[PDB]
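Mapped onto the authors' numbering, the consecutive letters of the sequence shown carry residue numbers 49 to 71, 80 to 227. Just so you know, even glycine gets a beta-carbon here, dropped at the ideal spot from N, CA and C.
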Amino acid sequence: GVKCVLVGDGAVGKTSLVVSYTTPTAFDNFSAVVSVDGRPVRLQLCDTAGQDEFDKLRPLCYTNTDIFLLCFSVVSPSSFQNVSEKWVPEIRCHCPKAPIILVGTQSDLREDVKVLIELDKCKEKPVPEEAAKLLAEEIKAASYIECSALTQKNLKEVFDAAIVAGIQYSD
Ligand SMILES: Nc1nc2c(ncn2[C@@H]2O[C@H](COP(=O)(O)OP(=O)(O)O)[C@@H](O)[C@H]2O)c(=O)[nH]1
Ligand SMILES: [Mg+2]
Numbered sequence: 049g050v051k052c053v054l055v056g057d058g059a060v061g062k063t064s065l066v067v068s069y070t071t080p081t082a083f084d085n086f087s088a089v090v091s092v093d094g095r096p097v098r099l100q101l102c103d104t105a106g107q108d109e110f111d112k113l114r115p116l117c118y119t120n121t122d123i124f125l126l127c128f129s130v131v132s133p134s135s136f137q138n139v140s141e142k143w144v145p146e147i148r149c150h151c152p153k154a155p156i157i158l159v160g161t162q163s164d165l166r167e168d169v170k171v172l173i174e175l176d177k178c179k180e181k182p183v184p185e186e187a188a189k190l191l192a193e194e195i196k197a198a199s200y201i202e203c204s205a206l207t208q209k210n211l212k213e214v215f216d217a218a219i220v221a222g223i224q225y226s227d
């Protein structure tokens, strides 16, 4: 059984990722049995609040973590910038050994006019997939995987990858 913790800025879609996949509050735990490469594995999902108010409690959730899903929204460059500035340092402070998968969320919004118009008011654009992939390399993430809890694009893949990385580490 594999312990997976999701971290990242508020509003990127952490809670939505886990609920979409496994099917109303700050911190919550989920448990699912998942078929990975043909055999069942128990996956514990710990959903954390990403607001600065925490690190109060948040790192208390980290004990014995096998895999971190470090999430940013692909339509939030600020959340991408926080991967380097806040999240990788925090994870590495508490669990320096644990594998990380860099997870880009809300992929469907790359094609949402309202969202794109809003980003452009500050001359921003969605995070290029190339940039995410390069960062994943820089931070020594296992991989970069981009997904949508709305359309379920790559949602299975995110958690399959989490389990594979998590078993390898655990073992
Ligand atoms: N369009 C779209 N909206 C999403 C997606 N994932 C989450 N949301 C919405 O984004 C907001 C933040 O989601 P939430 O699960 O609360 O994020 P968290 O704060 O990181 O846990 C909510 O309005 C969700 O409905 C997605 O993949 N696509
Ligand atoms: Mg949430």
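Per DSSP, the bridge partner or partners of residue i
i	result
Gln-100	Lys-51, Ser-87
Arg-114	DSSP output for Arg-114 lists no bridge partner at all.
Under 8 Å between C-beta atoms of residue i and residue j
i	j	result
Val-92	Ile-195	no
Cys-102	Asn-120	no
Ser-226	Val-50	yes
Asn-210	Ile-223	no
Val-60	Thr-207	no
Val-139	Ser-163	no
Residue i burial status per 10 Å Cβ neighbour count (16 or more: buried)
i	result
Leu-190	exposed
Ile-173	exposed
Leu-54	buried
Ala-217	buried
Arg-114	buried
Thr-70	exposed
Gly-58	exposed
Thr-104	buried
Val-183	buried
Extent of the continuous beta strand (DSSP E) run through residue i
i	result
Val-171	Counting along the chain, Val-171 falls outside any beta strand (DSSP E), though it belongs to the alpha helix (DSSP H) covering 169 to 177.
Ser-132	Per DSSP, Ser-132 belongs to no beta strand (DSSP E) and is neither H nor E.
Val-159	156 to 161
Continuous alpha helix (DSSP H) stretch holding residue i: start and end
i	result
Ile-201	Careful: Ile-201 lies outside any alpha helix (DSSP H), inside the beta strand (DSSP E) at 199 to 202.
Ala-221	211 to 226
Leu-190	185 to 194
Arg-148	144 to 150
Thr-121	Run containing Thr-121: none; DSSP gives neither H nor E here.
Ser-68	62 to 70
TODO: Give me every residue whose Cβ sits closer than 6 Å to any heavy atom of ligand 1, in chain order.
DONE: Sorted by position in the chain, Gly-58, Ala-59, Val-60, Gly-61, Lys-62, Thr-63, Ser-64, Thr-161, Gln-162, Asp-164, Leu-165, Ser-204, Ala-205, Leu-206 make up the residues whose C-beta lies under 6 Å from a heavy atom of ligand 1.
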